[PDB]
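Okay, structure first, notes after.
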Amino acid sequence: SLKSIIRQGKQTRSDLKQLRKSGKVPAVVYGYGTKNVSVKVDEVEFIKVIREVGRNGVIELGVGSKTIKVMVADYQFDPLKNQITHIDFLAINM
Amino acid sequence: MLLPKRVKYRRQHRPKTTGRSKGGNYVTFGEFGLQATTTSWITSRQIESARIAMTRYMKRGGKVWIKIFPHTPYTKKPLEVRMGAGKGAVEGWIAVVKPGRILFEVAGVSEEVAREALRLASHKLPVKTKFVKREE
Amino acid sequence: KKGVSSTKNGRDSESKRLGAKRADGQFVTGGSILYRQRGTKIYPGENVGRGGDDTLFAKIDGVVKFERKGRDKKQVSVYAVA
Amino acid sequence: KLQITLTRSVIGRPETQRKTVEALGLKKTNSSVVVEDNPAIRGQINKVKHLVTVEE
RNA sequence: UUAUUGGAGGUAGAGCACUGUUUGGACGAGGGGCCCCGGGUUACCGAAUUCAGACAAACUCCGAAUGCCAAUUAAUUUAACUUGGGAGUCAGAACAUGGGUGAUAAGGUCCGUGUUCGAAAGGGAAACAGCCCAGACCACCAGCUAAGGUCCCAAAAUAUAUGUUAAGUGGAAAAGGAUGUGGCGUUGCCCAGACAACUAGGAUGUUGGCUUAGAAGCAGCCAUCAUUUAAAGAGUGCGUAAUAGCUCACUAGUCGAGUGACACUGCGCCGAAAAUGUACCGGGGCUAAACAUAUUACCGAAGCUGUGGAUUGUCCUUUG
RNA sequence: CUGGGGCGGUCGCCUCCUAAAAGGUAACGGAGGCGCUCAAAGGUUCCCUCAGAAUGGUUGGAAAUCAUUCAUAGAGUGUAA
RNA sequence: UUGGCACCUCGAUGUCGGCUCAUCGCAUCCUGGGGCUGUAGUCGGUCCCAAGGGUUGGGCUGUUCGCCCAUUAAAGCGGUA
RNA sequence: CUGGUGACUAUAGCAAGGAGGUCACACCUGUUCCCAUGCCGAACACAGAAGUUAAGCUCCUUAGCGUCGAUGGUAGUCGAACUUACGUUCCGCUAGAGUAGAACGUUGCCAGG
Ligand SMILES: [Mg+2]
Ligand SMILES: [Mg+2]
Ligand SMILES: [Mg+2]
Ligand SMILES: [Mg+2]
Ligand SMILES: [Mg+2]
Ligand SMILES: [Mg+2]
Ligand SMILES: [Mg+2]
Ligand SMILES: [Mg+2]
Ligand SMILES: [Mg+2]
Ligand SMILES: [Mg+2]
Ligand SMILES: [Mg+2]
């Protein structure tokens, strides 16, 4: 239930396009106990984890040094490309 | 033949065809569906031909949902006329389809049966298509 | 050469050049038309009169300010320069 | 201070862009101007960035 | 002109709150076919309601980018306005792009916007008003560049590096069709023996039941099970009027390494028939002299620069 | 005027869409109105709030008038938008 | 082919049919070579290759067409103002 | 604290539950008078105070609805390069919807407690 992520800076349209081509997925982390953080996660790894935990399963996100348990609040998908364009992670109060 | 019972305006501007599908890009009523990968007008006749083909192969055991409806009327001038002197009479009814739009949805059959049924439907339609399933 | 029918349309009225006549933050002399409109899309504000045709006009010399007037309404006002 | 050179011609270009090139003080093709750096100048350069080369 | 700030407005997109359009679910206000003033329940459920999903130039709960109007506004630039003398013009064209019309026809037609032509020579696009580069004061057997190019025609790389293509693709076209070939993933089986081949079996109830004149595994329907297994379907096909017969699925051996499916992609293939002569690279020719991605050179104009000269402004300023 | 002319249609004015979120903008483009009306349907002062639906009630019926509740405007605004 | 458009030609680009002379394309009428066939043979059907040569005389109609008579291996379809 | 009267885009509303009454505000009691009903003292008006917090009203709780609402991403788009592709690429701007969240108001002046 753990997948590593990398933080992101301000991005141009080209950068995000390169990220998705690389196979990484742009994402944001929000919720209780966390400020909004923009993160990138590998698509394949995310898909494996979500299968293990399910759609609403709690996930351990390696947000920089800290690790935050998160849920997939929402995701954006491209039907033609069969690719997840964006993922929203909601922090869960424990 | 699917067509609107009434319209406020019988003579309408032809729809914009450039761009990607606004909605109906996900299978919501059935297990499987046919996704358009190209843009074209879809006529009421084309819908019926595709519908009849898919139902026959399915043998009516499965349920067919037709996602697209031909709302827009289109006109044609009478034959051998010069330009001008007003717009022509209504000739047909069409649905604008852009890449991503799910044309039809099928349920109550095995995938193999659905794939063949949608294949038979695809050959009746102007656009290029891809077989699609509900995504979770 | 096939014979042809005719359209029953082909008519339109003259355009009435409605809309803003003066900018927000611009000085205007008294009597200056600020906005031309049918009904009250913009309401008469401070030192601004509404004509019989719903034209908005400055009632004094001053600066034009377009202002909100509740959730879904707007008004135009004129304020005298110091 | 920035040095702006008109590397590409204003022929075939929209008039509004031509006005900006005039405003920057650029004249004939390959002409140069030396101007102080400020936001207003940068905006003019931004409008005609395709037509000019900038050196600091 | 730009920056900064304020404002008007409803387009693109989006959305369905309104007006219409529309798909699939449920669900019923109220009685009829139906079962009692004495009750019920297998249409219509049309009212309505609800959940999910779509559509709109003349729909909008929303709503940009731009453009527009301004500012005792700053930077840069050089116009602007008024009055008076003299005009010409009122057939426009292409291209790009936002639209109407036409057929998401026209080198069509009609409006918005920009550019060029018109009224513009020079270089490129073989030739080619309107495309691309660029605006010719005059002279030079000087230099640097643009678009476009660098094997020969024909000036400059037979340049460098790493791949792709085999179709002269490059150097005209579609639905659709295909063990062409390259790349990046996903997944099944496999030296406790994969895939293919070869050898052997491939059975019994049973010719399963109905149908049909006939249906025995193989015209059409219902079910699709037990038994001996080292394995067998109430049969994937060929075949018989029905049979039969052949064969397959599946299984056990021989050799031993890979073998199968799926998704996303690069570049190619077929689909592809017209009239004087090759004739859809400008030619020769090219397997790179094609294509992709980088790197460094060079060529290339009447552009820019150098030198001399002309005319007219401006500024220094008798001078020049 | 006219996608040659004739024939057909049209000619002024108003409203909308085309119109590309200022304004303006064409085609024999898509839709409709006008050549009035009102002596109050004008002015002012004061007062007032709809359509529709449900339920109850006689003549009375889906629908007349009455009553309560809900109803934010789906009403009305002389006459197109 | 019937049209759409109105771009060269109105200080002239002669217009239907026939006659004379042809010439080219191939989507092939005949003849030559094939595949498949619901191909026994003789005949056919359909498709592929193939443009070398060949592809008749009459009645009616200005006719092009078209019908008809009699043939022929066949009586091809188009372009060339 | 309460009341009168103002400001603000409902974060301010709606709904539901609860609480409160020397004064105040109502309900309320009458119609003699001012005044009133297209009938009606219902309302309006006036004269009052027996009764009552029942309701309105005020206060408290709440997030069901309505309202507000990011960040991130997406659509669209100015400009540019490339192309003619129902296009591509780069840059700036940047929604709508949805999500986290906000929110059962915040305040000015005057008179009382
Ligand atoms: Mg108008
Ligand atoms: Mg739209
Ligand atoms: Mg134009
Ligand atoms: Mg050479
Ligand atoms: Mg050089
Ligand atoms: Mg020069
Ligand atoms: Mg406008
Ligand atoms: Mg505009
Ligand atoms: Mg013309
Ligand atoms: Mg002559
Ligand atoms: Mg041939």
Side-chain angles (χ1 to χ4, degrees), chain A residues 12-14 16 23 26-28 30-31 36 38 44 73-74 76 81-82 85-86 88 90, chain B residues 2 4-9 11-15 17-20 22-24 28-29 38-41 63 65-69 71-72 76-77 79-88 95-96 98-99 105 123 126 128, chain C residues 3-15 17-20 22-26 35 42 64-66 68 70-72, chain D residues 8-9 11-16 19-25 28-31 33 35-36 38-47 49-50:
Chain A
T12 73
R13 202 186 311 249
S14 180
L16 288 178
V28 62
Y30 56 87
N36 278 62
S38 302
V44 177
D74 198 2
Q76 303 182 1
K81 200 67 61 180
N82 304 301
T85 60
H86 192 260
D88 297 9
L90 178 65
Chain B
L2 296 181
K5 291 168 55 273
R6 62 180 178 120
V7 288
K8 188 175 181 183
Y9 300 105
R11 295 174 178 107
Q12 301 183 4
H13 289 346
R14 283 155 292 180
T17 50
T18 59
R20 290 288 164 290
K22 181 184 189 184
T28 54
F29 297 90
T38 54
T39 290
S40 178
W41 292 6
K63 185 169 174 193
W65 292 267
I66 317 292
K67 300 300 297 299
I68 56 179
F69 190 91
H71 294 275
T72 313
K76 185 185 175 182
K77 295 237 64 177
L79 288 88
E80 289 188 59
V81 300
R82 298 189 179 179
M83 300 298 91
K87 187 163 174 56
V96 51
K98 301 186 182 182
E105 295 180 6
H123 285 280
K128 295 185 180 181
Chain C
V4 77
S5 185
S6 59
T7 174
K8 300 183 184 65
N9 311 310
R11 291 177 304 296
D12 195 358
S13 69
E14 191 75 0
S15 300
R17 290 81 168 127
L18 300 177
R22 286 295 155 69
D24 178 292
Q26 182 187 3
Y35 198 87
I42 310 200
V64 172
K65 304 302 304 178
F66 288 86
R68 150 159 47 239
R71 177 180 284 288
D72 309 300
Chain D
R8 304 222 63 110
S9 170
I11 303 164
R13 295 294 181 174
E15 181 53 56
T16 190
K19 296 180 175 188
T20 291
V21 164
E22 174 185 59
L24 279 175
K28 289 182 175 174
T29 305
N30 306 303
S31 66
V33 293
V35 305
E36 185 70 4
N38 61 66
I41 287 298
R42 288 291 190 180
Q44 296 208 60
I45 296 174
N46 173 64
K47 184 176 172 186
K49 54 189 168 294
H50 56 284

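Letters A, B, ... are given to chains in the order of the sequence lines, protein chains preceding strands, and every chain is numbered from 1. Both backbone and side-chain heavy atoms feed into the values below; hydrogens, waters and symmetry mates do not.
Looking at residues two or more places apart in sequence or on another chain, you find a side-chain contact (heavy atoms from CB on, under 4.5 Å) between B:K63 and B:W65. Here D:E36 pairs with D:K1 under the side-chain contact (heavy atoms from CB on, under 4.5 Å) rule; sequence neighbours left out. Under the salt bridge (charged side-chain N to carboxylate O under 4.0 Å, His left out) criterion, C:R71 pairs with no residue, sequence neighbours left out. For C:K65, the salt bridge (charged side-chain N to carboxylate O under 4.0 Å, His left out) criterion is met by C:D24, not counting sequence neighbours. Residues passing the side-chain contact (heavy atoms from CB on, under 4.5 Å) test with A:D74, sequence neighbours excluded: A:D88.
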Might you list the N or O atoms of the protein lying below 3.5 Å from N or O atoms in nucleotides 75-79 of chain E, with each pair's distance?
residue, atom, partner, partner atom, Å
E:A75, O2', D:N38, ND2, 3.1
E:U76, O2', D:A23, O, 2.4
E:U77, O4', D:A23, O, 2.8
E:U77, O2', D:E22, O, 3.2
E:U78, OP1, D:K27, NZ, 2.5

Anything under 3.5 Å between a protein N or O and an N or O of nucleotides 44-48 of chain E, put it in a table, one pair a line.
none

Pairs: protein N or O with nucleotides 96-100 of chain H N or O, under 3.5 Å:
residue, atom, partner, partner atom, Å
H:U99, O2', A:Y30, OH, 2.7

Protein-nucleotides 52-61 of chain E N/O pairs closer than 3.5 Å?
residue, atom, partner, partner atom, Å
E:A54, OP1, B:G24, N, 2.7
E:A54, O5', B:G24, N, 3.3
E:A54, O3', B:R101, NH1, 3.1
E:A54, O3', B:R101, NH2, 3.4
E:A54, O2', B:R101, NH1, 3.4
E:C55, OP1, B:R101, NH2, 2.7
E:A57, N7, B:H13, N, 2.7
E:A57, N6, B:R11, O, 3.0
E:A57, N3, B:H13, NE2, 3.4
E:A58, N6, B:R11, O, 3.1
E:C59, OP1, B:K8, NZ, 2.7

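Counting any heavy atom pair closer than 4.0 Å across all strands shown, B:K98 reaches no nucleic acid atom. Within 4.0 Å (heavy atoms only), D:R13 reaches sugar-phosphate atoms of the nucleic acid but no base atom. Counting non-hydrogen atoms under 4.0 angstrom, C:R17 reaches the backbone sugars and phosphates but no base. Backbone-only engagement by B:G88 is indicated by non-hydrogen atom pairs under 4.0 Å involving sugar-phosphate atoms exclusively. Here C:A23 lies in heavy-atom contact (under 4.0 Å) with a base. Among the atoms of the strands shown, only primed sugar atoms or phosphate atoms (P, OP1, OP2) are found under 4.0 Å from some heavy atom of C:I42. Within 4.0 Å (heavy atoms only), C:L18 reaches sugar-phosphate atoms of the nucleic acid but no base atom. The residue A:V44 sits apart from the nucleic acid: no heavy atom pair falls under 4.0 Å. Among the atoms of the strands shown, base atoms are found under 4.0 Å from some heavy atom of B:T17. C:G3 comes within 4.0 angstrom of nothing in the nucleic acid, heavy atoms only.
With ring centres under 5.5 Å apart and planes tilted under 30°, the neighbouring bases F:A26 and F:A27 are scored as stacked. For the strand neighbours E:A71 and E:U72, base stacking is absent under the 5.5 Å centre-distance and 30-degree plane-angle rule. The six-membered rings of G:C16 and G:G17 are stacked by the 5.5 Å centre and 30° plane criterion. Judged by ring centres closer than 5.5 Å and planes tilted by less than 30°, the bases of E:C189 and E:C190 are stacked on each other. Consecutive bases E:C90 and E:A91 are counted as unstacked, their six-membered rings not meeting the limits of centres under 5.5 Å apart and planes tilted under 30°.
Minimum atom distance to the side chain of A:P26 is reached by H:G73, of the listed H:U77, E:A70, H:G73. Taking the side chain of C:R71 as heavy atoms from C-beta on, and the options H:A10, E:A134, H:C86, the nearest nucleotide is H:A10.
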Reading nucleotides 8-14 of chain F 5' to 3', which nucleotides get B (base under 4.0 Å from a protein heavy atom), which S (sugar-phosphate only), which -? BS---BB
Protein-proximity profile, nucleotides 73-81 of chain F, B/S/- by nucleotide at the 4.0 Å heavy-atom cutoff, equals ---------
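Taken together, E:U104 and E:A223 do not qualify as a Watson-Crick or G-U wobble pair under the 3.5 Å criterion applied to both distances. Nucleotides E:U169 and E:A226 fail the pairing criterion: they make neither a Watson-Crick nor a G-U wobble pair with both donor-acceptor distances under 3.5 Å. E:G180 and E:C225 make neither a Watson-Crick nor a G-U wobble pair with both donor-acceptor distances under 3.5 Å. Residues E:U41 and E:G253 show neither Watson-Crick nor G-U wobble pairing with both defining distances under 3.5 Å. Between E:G245 and E:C238 there is a base pair of the Watson-Crick or G-U wobble kind, both of its two distances falling under 3.5 Å. Base pair annotation for G:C26 with G:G76: paired, by the Watson-Crick or G-U wobble rule (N1-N3 plus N6-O4 or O6-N4, or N1-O2 plus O6-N3, under 3.5 Å). Taken as a pair, E:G214 and E:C198 do not qualify under the rule of Watson-Crick (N1-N3 plus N6-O4 or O6-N4) or G-U wobble (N1-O2 and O6-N3), both under 3.5 Å. Remark: H:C8 pairs with H:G105, satisfying the Watson-Crick or G-U wobble criterion at under 3.5 Å for both atom pairs. Residues E:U164 and E:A297 show neither Watson-Crick nor G-U wobble pairing with both defining distances under 3.5 Å. Nucleotides H:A26 and H:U52 satisfy the base-pair criterion: a Watson-Crick or G-U wobble arrangement whose two donor-acceptor distances both fall under 3.5 Å.
Straight-line distance from the NZ atom of D:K49 to the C1' atom of H:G79: 5 Å, rounded to whole Å.
When both pairing distances are held under 3.5 Å, G:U39 makes no Watson-Crick or G-U pair with any nucleotide shown. Applying the Watson-Crick and G-U wobble criteria (two distances, each under 3.5 Å), E:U23 pairs with E:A52. Under the Watson-Crick and G-U wobble criteria, each requiring two contacts below 3.5 Å, nucleotide E:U2 is paired to E:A74.
Residue D:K28 has no polar side-chain atom (N or O) positioned under 4.0 Å from OP1 or OP2 of E:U305.
Helical stems in RNA chain F, defined as runs of 3 or more consecutive Watson-Crick or G-U wobble pairs with donor-acceptor distances under 3.5 Å: F:12-17 with F:29-34, F:52-56 with F:66-70.
Place A:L16 and C:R68 on RNA chain H by their nearest nucleotides, and C:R68 ends up nearer the 5' end. The residue among A:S14 and A:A27 whose nearest nucleotide of RNA chain H is located toward the 5' end is A:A27.
Taking the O4'-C1'-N9-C4 or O4'-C1'-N1-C2 dihedral as appropriate, F:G3 has a value within 90° of 0 and is therefore syn.
Contact of the B:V7 side chain with the B:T72 side chain is not registered, since no non-hydrogen atoms from C-beta on lie closer than 4.5 Å.
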